[PDB]
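Structure first, then comments.
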Amino acid sequence: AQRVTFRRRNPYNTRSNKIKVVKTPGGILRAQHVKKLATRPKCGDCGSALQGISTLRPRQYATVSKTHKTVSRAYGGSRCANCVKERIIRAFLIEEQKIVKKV
Amino acid sequence: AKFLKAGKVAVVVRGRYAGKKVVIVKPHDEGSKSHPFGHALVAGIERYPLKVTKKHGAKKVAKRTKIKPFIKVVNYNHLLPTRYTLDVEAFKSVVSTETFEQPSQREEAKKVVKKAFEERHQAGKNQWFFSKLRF
Amino acid sequence: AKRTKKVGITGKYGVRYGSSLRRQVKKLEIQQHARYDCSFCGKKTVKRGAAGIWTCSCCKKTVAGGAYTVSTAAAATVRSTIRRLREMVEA
Amino acid sequence: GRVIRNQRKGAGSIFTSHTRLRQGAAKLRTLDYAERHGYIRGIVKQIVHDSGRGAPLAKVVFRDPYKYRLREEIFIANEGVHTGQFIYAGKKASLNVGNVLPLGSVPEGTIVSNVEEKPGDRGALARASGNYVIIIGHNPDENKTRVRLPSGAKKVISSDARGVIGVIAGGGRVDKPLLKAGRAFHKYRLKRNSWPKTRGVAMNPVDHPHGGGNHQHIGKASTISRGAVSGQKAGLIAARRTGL
Amino acid sequence: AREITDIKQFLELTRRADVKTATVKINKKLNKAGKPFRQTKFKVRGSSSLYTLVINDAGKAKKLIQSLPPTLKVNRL
Amino acid sequence: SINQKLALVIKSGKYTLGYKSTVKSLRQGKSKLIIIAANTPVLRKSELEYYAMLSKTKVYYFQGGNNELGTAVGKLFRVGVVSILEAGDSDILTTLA
Amino acid sequence: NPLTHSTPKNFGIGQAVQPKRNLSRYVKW
RNA sequence: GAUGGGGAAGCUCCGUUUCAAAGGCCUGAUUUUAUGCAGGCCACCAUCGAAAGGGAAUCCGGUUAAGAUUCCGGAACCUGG
RNA sequence: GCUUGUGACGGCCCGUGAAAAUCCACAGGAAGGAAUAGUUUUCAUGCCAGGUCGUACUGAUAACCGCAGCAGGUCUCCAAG
RNA sequence: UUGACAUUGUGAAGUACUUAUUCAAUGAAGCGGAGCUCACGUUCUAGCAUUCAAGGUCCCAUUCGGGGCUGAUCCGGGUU
Ligand SMILES: [Mg+2]
Ligand SMILES: [Mg+2]
Ligand SMILES: [Mg+2]
Ligand SMILES: [Mg+2]
Ligand SMILES: [Mg+2]
Ligand SMILES: [Mg+2]
Ligand SMILES: [Mg+2]
Ligand SMILES: [Mg+2]
Ligand SMILES: [Mg+2]
Ligand SMILES: [Zn+2]
Ligand SMILES: [Zn+2]
């Protein structure tokens with residue numbers, strides 16, 4: 001039954017002006033401005049999300065360690081496991097064909 | 001009809017060593033108490049030797065020819081067999097099932113393989129084995 | 001149960017626009033929203049996105065085609081003509 | 001009277017083209033050493049939709065012959081072109097759908113699109129959906145080639161002009177009726193400000209040379225000569241004939 | 001803002017050459033089904049974070065009181 | 001005609017359907033002939049040829065898609081590759097098929 | 001000698017990137 | 001909307017990368033002094049344009065006649081060095 | 001249940017529904033590096049600084065515009081039984 | 001819109017060339033002639049292609065390296 005108000009200077013319901021209602025330790029309701037949700041990194045070959053990589057804002061990746069932004073495989077934070085598998089199979093089979101095509 | 005022998009050379013496809021070439025030492029076709037699936041014991045290359053030219057100095061050639069080996073148990077489905085071979089009679093004893101599950105024995109086996117692999121690189125042979133796969 | 005006698009999908013337009021115009025759109029709407037078999041994987045999962053873009057749902061292969069059909073009749077004739085020309089130009 | 005509606009389009013205040021959502025200018029690759037002495041292999045990364053254009057667009061990535069880099073080109077996709085297909089462009093390219101070859105190195109009867117008026121202008125002819133140019137013959141002397149345009153006109157072009165093999169995709173688009181003014185509204189919303197169109201006879205004499213009178217009629221012959229001046233070219237301009 | 005559950009690592013923070021204040025708080029809390037007990041929260045004010053150690057038994061809590069260095073200003077309650 | 005020959009193998013021989021099962025048979029050396037559908041991806045098709053090259057196994061390229069190849073085996077699902085473990089009364093291992 | 005190999009590069013069309021050459025004839029003066 | 005240019009008797013008009021010799025941070029060289037000088041990197045080529053678009057980082061409690069997520073006490077976070 | 005946030009999906013288009021700054025990872029291997037010793041400030045902890053301008057109140061049947069303390073006109077958030 | 005004159009030169013016979021002028025592209029890359037052996041390195045596959053390039057040969061004054069020719073044929077500086 002208690003009504004809240006915007007805490008910033010923006011009076012319009014924009015994407016950056018979203019609020020959440022919380023109950024303060026003082027027993028009153030108060031608006032709370034929330035931030036836009038982050039997006040998971042996507043694979044550069046198939047467009048799917050990558051496992052083992054944190055979902056943060058673009059500028060929030062400079063305050064975390066490298067463990068949260070990659071895995072221990074080749075093309076760790078760029079391509080997923082299946083795409084790396086396809087590259088190795090493709091690379092080996094094609095280069096063997098080059099030797100065969102030579103003769 | 002059978003090619004997964006104790007001297008065949010394969011390419012790792014998964015698990016932190018994808019794209020790195022290994023040589024099969026002790027294949028195990030029909031499971032085991034651990035790893036209830038087809039698997040083999042392999043030793044491979046993690047850091048390949050760098051290119052050496054005529055202008056490199058005496059000490060710089062030695063630095064660029066260092067080889068970092070690794071020993072791992074790999075599933076058959078996670079390997080790509082090749083048509084190349086490599087003799088493993090020099091370092092066959094150090095690698096075994098007893099070698100694993102013991103951190104002290106894992107380290108001792110690696111330095112034997114490193115010495116064997118490095119001396120093979122000198123007096124160049126198995127050149128395809130010591131060239132990094134590009135992908 | 002069969003709901004409509006002859007209008008089919010064009011029942012969304014009610015009684016407007018004339019029967020003849022509604023009949024013509026009906027032929028091109030069924031083809032537009034039809035399922036087509038992918039030639040790269042064999043599965044019948046190809047559907048139109050934007051006009052001229054046809055993408056398979058499983059293998060995600062996009063093939064350029066007609067406005068409301070995966071392959072027009074004039075495009076088919078060109079492939080036959082190109083095939084015939086390329087067989088006598090490399091021989 | 002005042003300035004009539006068609007004269008106002010030259011200034012281009014509200015009659016300019018809406019190009020916010022355009023994907024780029026669809027042009028062929030720049031004519032370089034490789035094109036006229038060999039071929040270069042490209043990859044169709046993705047096929048995308050361009051606002052205001054019925055024909056889809058194809059993005060093809062090539063390798064820069066002179067620097068370690070990758071170059072992306074925007075092509076007009078032909079029928080049958082799919083993502084992941086290899087595209088070969090040049091004099092020595094094989095005769096396949098989606099390949100770009102000079103007009104002088106293909107047999108007669110070949111169907112081509114995105115044809116060049118002159119060598120190096122990167123495509124001028126047969127760029128709309130469903131249109132194509134038919135090659136009707138060659139001319140080994142003085143390096144000329146005869147082609148047939150979609151309008152039915154025969155044109156003579158040099159043999160060094162390039163073109164892609166196939167037919168522009170998205171054909172048959174003009175076969176579906178719009179069925180309402182709402183779809184026509186969105187059609188021109190992505191192109192320019194030229195809809196709706198008001199009839200001249202419904203205006204006043206100040207607004208159009210057709211307006212006025214106690215009945216809605218033209219009054220004079222609608223066939224306007226080629227020698228007329230601005231403000232008079234309303235109706236049928238230099239009409240050789242009229243009627244059905 | 002941070003809670004530590006090891007008494008050994010609590011003692012080293014108490015002599016970190018930068019902490020100057022500490023406080024001890026007594027809570028009268030009821031067990032799940034037993035008689036009320038008292039717990040002591042040993043709080044050390046670091047230069048960046050406030051560390052808290054929770055001791056539920058009074059016997060062990062009393063032992064830790066005299067183990068604090070005499071050069072640290074401890075605010076009782 | 002190989003379509004009639006394939007029917008006899010089903011009722012008298014041993015076969016495996018599927019890419020993963022075919023690769024396992026090739027590694028074990030138990031395979032003797034592999035049949036590849038026309039619409040098989042070239043990367044997958046190239047890998048099967050390399051596996052058969054190491055095991056000295058004849059390769060036959062089927063003239064049809066996975067829809068047609070699956071029908072020949074007699075199944076109601078698409079089949080990509082067929083491997084013949086051992087033929088029965090059929091003579092498919094001694095002919096061009 | 002065993003550690004050094006001769007690996008010629010292909011400078012044809014569509015092959016490895018072209019090397020630096022003398023472009024004095026095409027300089028935009 | 002300047003510059004390089006082209007128009008106009010002229011106030012000024014066109015044009016924004018255009019027929020232009022259009023620019024600077026990673027160092028090495030020096031221990032005469034501060035930056036001249038050695039290979040390489042780069043060519044994108046003004047600027048202005050949103051207090052509803054994109055965007056590094058703070059919350060609770062208390063406090064005034066009239067101010068606070070800004071002051072007070074406590075507890076946090078980000079950037080640069 | 002109401003309001004709002006979000007996830008996986010489905011329908012529609014001859015309509016497919018902005019851009020740049022900024023930050024991150026990967027490929028690459030140019031250089032620098034251990035035996036009486038060096039690097040990691042992407043692990044923890046510790047040290048310093050964060051300038052300039054706006055901030056009161058109304059926001060309307062009396063604080064805005066209509067000659068005015070004019071029944072007109074004027075963007076938006078919170079919404080009990 | 002049409003004609004005359006100027007811009008406006010060069011050659012032949014009963015249209016030809018270049019240099020003025022005009023058009024177009026490229027962060028002005030491979031043009032023209034000739035010489036090596038009509039051609040003279042690249043087409044099953046959504047991989048990779050960058051450190052004045054490895055190698056060969058000839059020098060420095062041997063230190064970690066440096067510099068010519070060839071690799072990558074000459075001539076003409078007309079960007080095409
Ligand atoms: Mg009127
Ligand atoms: Mg009039
Ligand atoms: Mg008139
Ligand atoms: Mg201006
Ligand atoms: Mg600004
Ligand atoms: Mg904002
Ligand atoms: Mg107030
Ligand atoms: Mg206020
Ligand atoms: Mg007033
Ligand atoms: Zn992927
Ligand atoms: Zn498909």
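The chains referred to below are lettered A, B, ... by the order of the sequence lines, with proteins before strands, and numbering in each begins at 1. Excluded from the calculations below are hydrogen atoms, water molecules and symmetry mates; all remaining heavy atoms, backbone and side chain alike, are included.
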Q. Can you tell me how far CD of D:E35 sits from OG1 of D:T30, rounded to the nearest 0.5 angstrom?
A. 9.0 Å
Q: Classify the side chain of D:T30 versus the base of J:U26 as yes if they form a donor-acceptor pair under 3.5 Å and no if they do not.
A: no
(Q) With a 3.5 Å limit on both atom pairs, tell me what H:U79 is paired to, counting Watson-Crick and G-U wobble, or say none. (A) I:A49
Q | Whole-Å distance separating the OH atom of D:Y66 from the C1' atom of J:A29 | A | 5 Å
Q) Considering only heavy atoms and no angle criterion, is a donor-acceptor pair shorter than 3.5 Å present between the side chain of A:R8 and the base of H:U69? A) yes
Q: Taking the purine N1 to pyrimidine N3 distance and the second Watson-Crick contact, or the two G-U wobble contacts, each under 3.5 Å, tell whether J:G33 pairs with J:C74.
A: yes
What pairs of nitrogen or oxygen atoms, one from the protein and one from nucleotides 57-64 of chain J, lie under 3.5 Å apart?
residue	atom	partner	partner atom	Å
J:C64	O4'	B:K59	NZ	3.3

Q.
Please determine whether any donor N or O and acceptor N or O are separated by less than 3.5 Å between the side chain of B:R134 and the base of J:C48.
A. no
Q. Can J:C31 and J:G32 be counted as stacked under the 5.5 Å centre and 30° plane limits?
A. yes
Q) Using the glycosidic torsion, which applies to J:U45: syn (within 90° of 0) or anti (everything else)? A) syn
Q) At under 4.0 Å, does any side-chain N or O of A:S16 touch on OP1 or OP2 of H:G54? A) yes
Q) When syn is taken as a glycosidic angle within 90 degrees of 0, is J:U43 syn or anti? A) syn
Q: Test the B:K132-B:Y48 pair against the cation-pi criterion, namely NZ or CZ under 6.0 angstrom from the six-membered ring centroid and within 45° of the ring axis.
A: no
Q) Of the nucleotides H:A52, I:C14, I:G29, which has the atom closest to the B:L50 side chain? A) I:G29
Q: Evaluate the base stacking between J:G27 and its strand neighbour J:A28 against centres under 5.5 Å and planes under 30°, returning yes or no.
A: no
Q. Can I:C12 and I:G46 be counted as a Watson-Crick or G-U wobble pair, both distances below 3.5 Å?
A. no
Q. Would you say the side chain of A:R3 and the base of I:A80 hold a donor-acceptor pair, judged only by whether the two atoms sit under 3.5 Å apart?
A. no
Q: Give a single yes or no on stacking for I:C13 with I:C14, with the cut-offs at 5.5 Å between ring centres and 30° between planes.
A: no
Q | Nearest listed nucleotide, side chain of D:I43, among J:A53, J:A46, J:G76 | A | J:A46
Q: Answer yes or no: are the six-membered ring centres of I:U40 and I:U41 under 5.5 Å apart with planes under 30°?
A: no
Q. Going by modelled atom types, is there a donor-acceptor pair between the base of I:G32 and the side chain of B:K63 at under 3.5 Å?
A. yes
Q: Check the chi torsion on H:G39 and let me know: syn if it falls within 90° of 0, anti if not.
A: anti
Q | Centroid distance under 5.5 Å and plane angle under 30°, G:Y26 vs J:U79 | A | no
Q) Roughly how many Å is it from OH in B:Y48 to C1' in I:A27, rounded to a whole number? A) 16 Å
Check nucleotides 73-75 of chain H against the protein and report each pair of N or O atoms closer than 3.5 Å, with its distance, or say if there are none.
residue	atom	partner	partner atom	Å
H:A75	OP1	E:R45	NH1	3.4
H:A75	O5'	E:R45	NH1	3.4

(Q) Among J:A72, I:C13, I:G17, which nucleotide has an atom closest to any side-chain atom of D:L21? (A) I:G17
Q: Examine distances only and state if a side-chain atom of D:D121 and a backbone atom of D:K118 form a donor-acceptor pair shorter than 3.5 Å.
A: yes
Q: Please determine if a side-chain N or O atom of A:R59 lies less than 4.0 Å away from the OP1 or OP2 oxygen of H:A56.
A: yes
(Q) Under 4.0 Å from OP1 or OP2 of H:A68: is there any side-chain N or O of A:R7 that close? (A) no
Q: Confirm from the modelled atom types if D:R183 and I:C13 form a donor-acceptor pair under 3.5 Å, side chain to base only.
A: no
Q: Say whether, by atom type as modelled, one donor and one acceptor occur between the side chain of C:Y68 and the main chain of D:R173 under 3.5 angstrom.
A: yes
Q: Ignoring the backbone of F:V42, work out which of I:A30, J:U45, J:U79 is nearest its side chain.
A: J:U45
Q) Any idea which of I:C77, I:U16, I:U6 is nearest the A:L37 side chain? A) I:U6
Q. Can you check I:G5 for me, syn or anti if syn means within 90° of 0?
A. anti
(Q) From CZ of D:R29 over to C1' of J:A29, roughly how many Å is that when rounded to an integer? (A) 13 Å
**Q.** Of the listed nucleotides J:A49, J:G78, I:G28, the one nearest the side chain of G:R25
**A.** J:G78
Q: Would you tell me if any nitrogen or oxygen in the side chain of B:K51 comes within less than 4.0 Å of OP1 or OP2 on J:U51?
A: no
Q: With both distances required to be under 3.5 Å, indicate if J:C75 and J:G32 make a Watson-Crick or G-U pair.
A: yes
(Q) What verdict does the side-chain contact (heavy atoms from CB on, under 4.5 Å) test give for D:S94 and C:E90, after you've listed the backbone C-alpha separation in whole Å, the side-chain angles of each residue and the deciding distance to 0.1 Å? (A) CA-CA 9 Å; D:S94 298; C:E90 298 182 357; 4.3 Å; yes
Q) Within this structure, what is the CG-to-P distance between D:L70 and J:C48, rounded to whole angstrom? A) 8 Å
(Q) At less than 3.5 Å, do the side-chain atoms of A:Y75 and the base atoms of J:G47 form a donor-acceptor pair? (A) no
Q) For I:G32 and I:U40, do both pairing distances fall under 3.5 Å in a Watson-Crick or G-U wobble arrangement? A) no
Q) Between the base of J:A29 and the side chain of G:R21, is there a donor-acceptor distance below 3.5 Å? A) yes
Please list each protein N or O that sits under 3.5 Å from an N or O in nucleotides 12-22 of chain H, with the distance.
residue	atom	partner	partner atom	Å
H:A20	OP1	G:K28	NZ	3.3

Q | Nucleotide nearest A:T70 when distance is taken to its side chain, options J:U50, I:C26, J:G78 | A | I:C26
Q) Is a side-chain donor or acceptor of F:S46 paired with a backbone partner of F:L43 at a separation under 3.5 angstrom? A) no
Q) Taking the nucleotide of RNA chain H with the closest heavy atom to each, which residue, A:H33 or A:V22, is nearer the 5' end? A) A:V22
Q | A:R79 CZ - I:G28 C1' separation (whole Å) | A | 13 Å
(Q) Is H:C71 base-paired with H:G62, counting Watson-Crick or G-U wobble geometry with both distances under 3.5 Å? (A) yes
(Q) Please determine whether H:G23 and H:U32 constitute a Watson-Crick or G-U wobble pair, defined by two donor-acceptor distances each under 3.5 Å. (A) no
Q.
My parser flags sugar pucker from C1'-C2'-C3'-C4'; what should it report for H:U16, north or south?
A. south
**Q.** Complementary nucleotide for I:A62 - Watson-Crick or wobble, under 3.5 Å
**A.** none
Q) Within the side chain of D:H18, is there an N or O that forms a donor-acceptor pair under 3.5 Å with the backbone of D:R189? A) yes
Q. Does the side chain of G:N22 come under 3.5 Å of the side chain of G:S24 through a donor N or O and an acceptor N or O?
A. yes
(Q) Looking at A:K101, I'd like to know whether one of its side-chain N or O atoms comes within less than 4.0 Å of OP1 or OP2 on J:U42. (A) no
Q. Looking at the angle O4'-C1'-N9-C4 for a purine or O4'-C1'-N1-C2 for a pyrimidine, is H:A38 syn or anti, with syn meaning within 90° of 0?
A. anti
Q. Do the numbers put D:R41 on top of the ring of D:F86, so that NZ or CZ is under 6.0 Å from the six-membered ring centre and no more than 45° off the axis?
A. yes
(Q) Whether A:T63 contacts H:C78 is assessed here as follows: a side-chain N or O lying under 4.0 Å from the phosphate OP1 or OP2. Is that the case? (A) yes
(Q) Need the pucker for J:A72. North if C1'-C2'-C3'-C4' is positive, south if negative. (A) south
Q: Would you check if A:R79 and A:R87 make a side-chain contact, meaning some heavy-atom pair closer than 4.5 Å?
A: yes
Q) So, do J:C36 and J:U37 stack if we ask for centres under 5.5 Å and planes under 30°? A) yes
Q) Phosphate oxygens OP1/OP2 of I:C77: is one of them under 4.0 Å from a side-chain N or O of A:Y12? A) no
